[PDB]
Amino acid sequence: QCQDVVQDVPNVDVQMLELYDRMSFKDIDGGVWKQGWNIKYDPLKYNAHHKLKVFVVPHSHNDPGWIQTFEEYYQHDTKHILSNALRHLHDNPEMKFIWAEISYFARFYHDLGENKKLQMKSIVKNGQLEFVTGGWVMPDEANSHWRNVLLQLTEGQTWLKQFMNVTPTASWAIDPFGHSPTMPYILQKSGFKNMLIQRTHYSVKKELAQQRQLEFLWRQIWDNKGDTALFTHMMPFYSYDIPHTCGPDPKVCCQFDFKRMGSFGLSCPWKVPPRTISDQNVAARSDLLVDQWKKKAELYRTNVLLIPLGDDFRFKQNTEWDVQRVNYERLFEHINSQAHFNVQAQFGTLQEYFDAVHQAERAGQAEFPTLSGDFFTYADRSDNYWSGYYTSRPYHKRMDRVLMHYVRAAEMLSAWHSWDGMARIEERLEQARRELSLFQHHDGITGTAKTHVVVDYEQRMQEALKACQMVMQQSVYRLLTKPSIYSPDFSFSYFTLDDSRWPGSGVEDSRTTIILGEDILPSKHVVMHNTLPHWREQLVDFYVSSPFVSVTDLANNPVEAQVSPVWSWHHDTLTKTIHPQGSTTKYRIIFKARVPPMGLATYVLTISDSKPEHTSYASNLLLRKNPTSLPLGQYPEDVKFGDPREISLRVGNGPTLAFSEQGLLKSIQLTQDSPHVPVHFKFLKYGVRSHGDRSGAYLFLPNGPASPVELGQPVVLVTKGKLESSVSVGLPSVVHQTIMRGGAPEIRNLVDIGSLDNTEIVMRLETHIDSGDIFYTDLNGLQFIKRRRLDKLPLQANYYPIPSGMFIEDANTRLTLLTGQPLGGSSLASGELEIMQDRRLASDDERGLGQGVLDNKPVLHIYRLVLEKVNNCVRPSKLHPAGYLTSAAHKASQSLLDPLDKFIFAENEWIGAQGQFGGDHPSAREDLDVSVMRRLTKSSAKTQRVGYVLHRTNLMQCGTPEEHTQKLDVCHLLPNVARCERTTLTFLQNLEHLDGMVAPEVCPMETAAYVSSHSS
Ligand SMILES: C[S@@](=O)[C@@H]1[C@@H](N)[C@@H](O)[C@@H](O)[C@H]1O
Ligand SMILES: [Zn+2]
């Protein structure tokens, strides 16, 4: 049955948390291999019957945006690289090349004439040009959500299967800044057999090299059996460039980068240039090179050696192809013919390397260690930890999550039908998937690109959001209009999306007001979509032009509602205060929407001349010295004023929250009789070093622990309502808001770091939870991994990615902070959680970007804060490397990442309107998600195919009795099912033909993909 992911600690040879606990981290000079040691080998190890097989693998690292935009690099560099690769490989049958970034390859191939397309297919089919990974990009592994890692992998691999007829089974990830086990998780479930990584902490490379544990079977941290394992090769040296890939001495290896002799504007910083290989020097040069290779080979277990040959945007000039190829050919001819070397060297591909390694393994020549854990936080040298990019450009980090959800919702809503080509659904969805996929690049979501490139990514994502809205609104119109009345124009806007949290209040006034009035329009239909496969209730809000509005469902049942003012915060350069202004012309109506699994529900907002029976009005209290009036147009309740004071609020039966006089949480009381548990929010700032290394887009190099932000006497606004209450405070750089709807609070920070150069703003939580040095952070929204703060490491090393959540706990109490955006964070002392909000850095951090981070813009960060009693929960043992969310924390995370979508009907009357869609959809167990629903066929296909990715998380058992729930069989969601197949996660290979056309549900922590086929 299902593996138990909680109670069995996997036995692995290397467990990265346990390795970290024992390892030294001292940064000692190792000699020519600066972060290693002087490698020694026995010359007699290799002989006539046991040769060293060396694969030199040419490559060219092509960033889809970094210092130039995607299109700029394509025009200036990549189109020439690919064009010359085509010519040289065609003309030189033994030459090889690997290619990773399918975004560029697709951009290129579609501009090729048919003759060149045929030539390209021929060098792929014959194995000279080999795709590695085959994702749209080589994604970041820290900030990226697993759903988008899968999206981009699928976008590239679908392209490759369609046009090149190949599916890579070896992955190549040489540049992401640290590595996540989410990659082997997804890859192994997408048909992969091998992967390669590079950017791991120098101390880890040294430690694994010493034990020859650089090749390992990487399994998930909870995986006791090992079925998730994927063979992984970690490169041993500081870089993937040529000086750091031939062997341990870059002064020697640089001499074998033949692009460094002068005419290309490159040189060797170790001051010895390459020399052209000739008959007079080939024996000497070969001796030097083979010595490097044999040293590198000492670090690995087989007689097969991988020698990458490339660097950033290499293999551009024709003369470069010639100078690398001809010189290496001379070396190979000499080396291979000289028996005393006992080497056979050739150009190869990545798959060739791995195939040969496994042949050696099968021959009993090596056994490989098992490993679990991750490879964060990376440092490339000294104390230069790359934790800055966990937060850099947080506006776009938040936008990634918004677009993530919009892509899912647009693909799901439109999947229910086949669409005529004229509707352009496929075109708009392809654009949206491609722009989101592009952003997963390790200079996109990471915030490590130049300012103008960040703008290009933002513009692309904005177009993607527009494409999603277009598809979603056409889909809603079709799903909720009587079929014999449905009369689409595919260019028309039937609904517009209303999104309360993006870009967010104080970021952009983008929200439409619903305009009602007795002399213009009495009522308006709104529709909510629920992408999750269970019935869901959530409060939703709309802006309306009158406070006297009531809500009904589409059986005309009254729905309880609350009206609140529209508050906006302003930095008053007159009074030098940050304070709220109330609209006199628009108001917020809030009500609970209840929506079917993967479904839609329609409500109606109707104006009246006086207070409606089922609508209540919030009270408002402005706490500040020297108040002035706050009129609210027609709003029926007068604003109250007071001097700053502590206050307490409770919505529904939910927790009671107490706040300081500065408007920051101080305690949470779960129930009437329970204790007020200290939980204190605080804002602090980190600075930058005046001496030595400066923080920049990649590096976090604080000048000591953070200092409290001086708050002064901030203005605090308290809104108290039956359905929703909140406390908001205008702090320097942050409007901080705590919202209560009757369960775990929502936190929203409108963060505007303004002109505070060399400042990183952090939000900290201080509690009495006896967490010690332990805390938990997630990896890619997929899993929670145990972290241990280590005082042998500097502060910035104890920062980890917080892509979706983090928690601390003791025997009795847990505090979980869920996020709607990836940010960096830590627990720097027992009982603390902290998460960086934004950072503004005046200096470059010497990794090639050539700028600081001075392009900040206001961003609305969102969170849920979940305090829970956990003494009754069945948790993993002390030695287990994983943690797991509770039901409430998981639901809270879903509320941030996949909220209900809200649609406002755009014209006066919707003829043929329907009340609901999806009422008959199964309401699946709470731990199960339909992560993806995507129709895979266009309308002309006789057999329609729809793909589903199902993910089951693992939630802690804490004694809440399990309810019923319906089995979800995705293969029967659409009618006329003719076949149901389990597939790889990319949908590209059929793995199992399913009995009865029934797709089984998956085990905890497992993800599966199914494709249903339908006669049409
Ligand atoms: C961290 S820089 O070395 C890295 C470059 N290799 C380039 O590929 C881009 O990704 C940049 O961030
Ligand atoms: Zn790169």
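Residues numbered from 1 in each chain as written, not as in the entry; some residues may be left out. Chains lettered and ligands numbered in written order. Heavy atoms only, no water.

(A) Looking closely at the overall build of the protein. A tally of regular secondary structure across the protein gives 15 helices and 49 strands. Its C-alpha atoms give the protein a radius of gyration of 30 Å, near enough to 31 Å, the size a compact globule of 1016 residues would have. If you line up the protein on its principal axes, its C-alpha atoms span 100 × 65 × 55 Å. When the 1016 residues of the protein are sorted by exposure, 64% land in the buried category. Within the protein, residue pairs in contact and separated by at least 24 positions form 75% of the contacts whose partners lie at least 6 positions apart. Of the accessible surface of the protein, which amounts to about 36700 Å², a share of 47% is contributed by carbon and sulfur atoms. (Helix = DSSP H or I, 4+ residues; strand = E, 2+ residues; numbered from the N terminus. Rg over C-alpha atoms; globule rule 2.2 N^0.38 Å. Buried < 20%, exposed > 50% of the residue type's maximum accessible area, 1.4 Å probe, protein only. Contact = heavy atoms within 4.5 Å. Areas by Shrake-Rupley, 256 points an atom, 1.4 Å probe, with all protein chains shown as cover.)

(B) Seen up close, the coordination of the zinc ion (ligand 2). Note on the zinc ion (ligand 2): its protein donors are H61 (NE2), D63 (OD), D175 (OD) and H442 (NE2). The metal-donor distances range over 2.1 to 2.2 Å. Here the zinc ion (ligand 2) binds six donor atoms, and the angle range of 76 to 167° at the metal identifies the geometry as octahedral. The sequence pattern formed by the donor residues of the zinc ion (ligand 2) is H-x1-D-x111-D-x266-H. Here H61 is found in strand β2 (residues 52-61), whereas its partner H442 is found in the loop between α13 (425-439) and α14 (451-479), with 381 residues between them in sequence. The exposure class assigned to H61 is buried, which follows from its relative accessible area of 1%. (Donors = N, O, S within 2.8 Å, 3.2 Å for Na, K, Ca; no water. Tetrahedral: all angles 85-135°; square planar, octahedral: opposite > 155°, others 65-115°.)

(C) Layout of the site of ligand 1. Surrounding ligand 1, one finds 13 residues, the nearest of these being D63, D175, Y240, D443 and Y698. At a separation of 2.8 Å, an oxygen atom of ligand 1 approaches a polar side-chain atom of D175. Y698 has a polar side-chain atom sitting 2.7 Å from an oxygen atom of ligand 1. Its free accessible area being 320 Å², ligand 1 has 92% of it covered by the protein chains. The residue makeup of the shell around ligand 1, split by class, is five nonpolar, two polar and six charged. Each of two domains, domain 1 (1-382) and domain 2 (383-492), supplies a minimum of three residues to the shell around ligand 1. (Near = heavy atom within 4 Å. Polar contact = N/O pair within 3.5 Å; in protein donor to acceptor, adjacent residues only side chain to side chain. Nonpolar A, V, L, I, M, F, W, Y, C, P; charged D, E, K, R; others polar. Domains from an automatic or database assignment.)

(D) A look at the nonpolar core. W99, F105, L129, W293, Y328, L865 and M933 are the most contacted members of the largest nonpolar core, which has 242 residues in total. By residue number, the principal contributor to this core is α14, which donates 13 residues. Core analysis: the next-biggest nonpolar cluster, separate from the first, contains 50 residues, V549, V551, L605 and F807 among them. (Core = buried A, V, L, I, M, F, W, Y, C linked by side-chain atoms within 4.5 Å.)

(E) Seen up close, the sheet that holds strand β11 (residues 370-372). Here six strands make up an open sheet; going across it, the order is β1-β11-β7-β8-β6-β5 and the pairing mixed. The strands lining the two open edges of the sheet, one partner per strand, are β1 (14-15) and β5 (170-173). Sheet analysis places strand β7 (residues 215-218) next to β11, joined by two bridges and oriented parallel. The partner of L217 across the bridge, within β11, is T370. (Pairing = 2+ DSSP bridges.)

(F) Main features of the sheet that holds strand β21 (residues 615-617). Reading across from one edge, β13-β15-β19-β18-β21 is the order of the five strands in this open sheet, with mixed pairing throughout. Each edge of the sheet is formed by a strand with only one pairing partner; in this case those strands are β13 (513-514) and β21. Two elements, strand β15 (residues 536-544) and strand β19 (residues 577-595), share nine bridges in a ladder whose sense is antiparallel. Opposite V540, over in β19, you have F591 as the bridge partner.

(G) Spatial organisation of the packing of aromatic side chains. For the coordinates displayed, the defined rule picks out 55 aromatic pairs. Aromatic pair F97 and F315: ring centres 5.7 Å apart, planes at 70°, arrangement edge-to-face. With a gap of 218 residues between them, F97 in strand β3 (residues 97-99) and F315 in the loop between β9 (304-312) and α10 (318-337) connect regions that are remote in the sequence. For the residue pair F97 and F315, the accessibility class agrees, reading buried in each case. A cation sits over an aromatic face here: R478 above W419, 4.6 Å from the ring centre. Across the ring face of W535, the terminal group of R594 is positioned such that the distance to the ring centre comes to 3.9 Å. (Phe/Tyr/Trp six-rings, centres within 6.5 Å; stacked < 30°, edge-to-face > 60°. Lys NZ or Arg CZ within 6 Å of the ring centre and 35° of its normal.)

(H) Representation of the side chain of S387 in the model. Along the polypeptide, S387 turns up in the loop between β11 and α12 (394-415). Take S387: its relative accessible area is 2%, and that puts it in the buried class. At 2.8 Å, the side chain of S387 and the backbone oxygen of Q796 are in polar contact. In contact with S387, not counting residues within four places along its chain, are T377, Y698, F700, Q796 and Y799.

(I) How the structure looks around the UniProt feature "binding site: Zn(2+)" in the protein. As recorded in UniProt, the sites labelled "binding site: Zn(2+)" are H61, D63, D175 and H442. Spanning 382 residues, the annotated positions come together in the fold, the maximum distance between their C-alpha atoms being 11.9 Å. Relative to the elements of secondary structure, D63 occurs in the loop between β2 and α2 (70-91). Residue class for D63 comes out buried when judged on its relative accessible area of 1%. (UniProt positions renumbered as here; feature names shortened; annotations may be inferred.)

(J) Spatial organisation of the domain arrangement of the protein. Domain annotation for the protein reports domain 1 (1-382), domain 2 (383-492), domain 3 (493-618 + 899-920), domain 4 (619-898) and domain 5 (921-1016). A C-alpha centroid distance of 32 Å is found between domain 1 and domain 2. Contacts between domain 1 and domain 2 engage 39 residues on the former and 35 residues on the latter. When domain 1 packs against domain 2, close to 3300 Å² is buried across both sides, 56% of that on carbon and sulfur atoms. For the pair domain 1 and domain 2, the number of links is two salt bridges. A salt bridge links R434 to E155; the shortest N-O distance between them is 2.8 Å. (Buried area = accessible area lost by both parts, 1.4 Å probe. Salt bridge = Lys/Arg side-chain N within 4 Å of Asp/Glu carboxyl O.)

(K) Broad picture of the environment of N871. Within the element layout of this structure, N871 appears in the loop between β41 (859-869) and β42 (882-883). With a relative accessible area of 41%, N871 lands in the partly exposed category. Between the alpha carbons of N871 and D810 there is a distance of 8.5 Å; along the sequence they are 61 residues apart. Apart from the residues lying within four places of it in its own chain, the contact partners of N871 are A811 and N812.

(L) Examining the pattern of salt bridges more closely. Scanning the model with the defined rule gives 61 salt bridges in all. The salt bridge partner of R260 is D311, with a shortest N-O separation of 3.9 Å. Here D311 lies in strand β9 and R260 lies in the loop between α8 (250-253) and α9 (282-297), a separation of 51 residues in the sequence. Summarising the burial analysis for this pair, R260 and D311 share the class buried. In this structure, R588 engages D541 in a salt bridge whose closest nitrogen and oxygen atoms are separated by 3.0 Å. Of the two residues, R588 is situated in strand β19 and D541 in strand β15; the sequence distance between them amounts to 47 residues. The same class applies to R588 and to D541, which are both buried.

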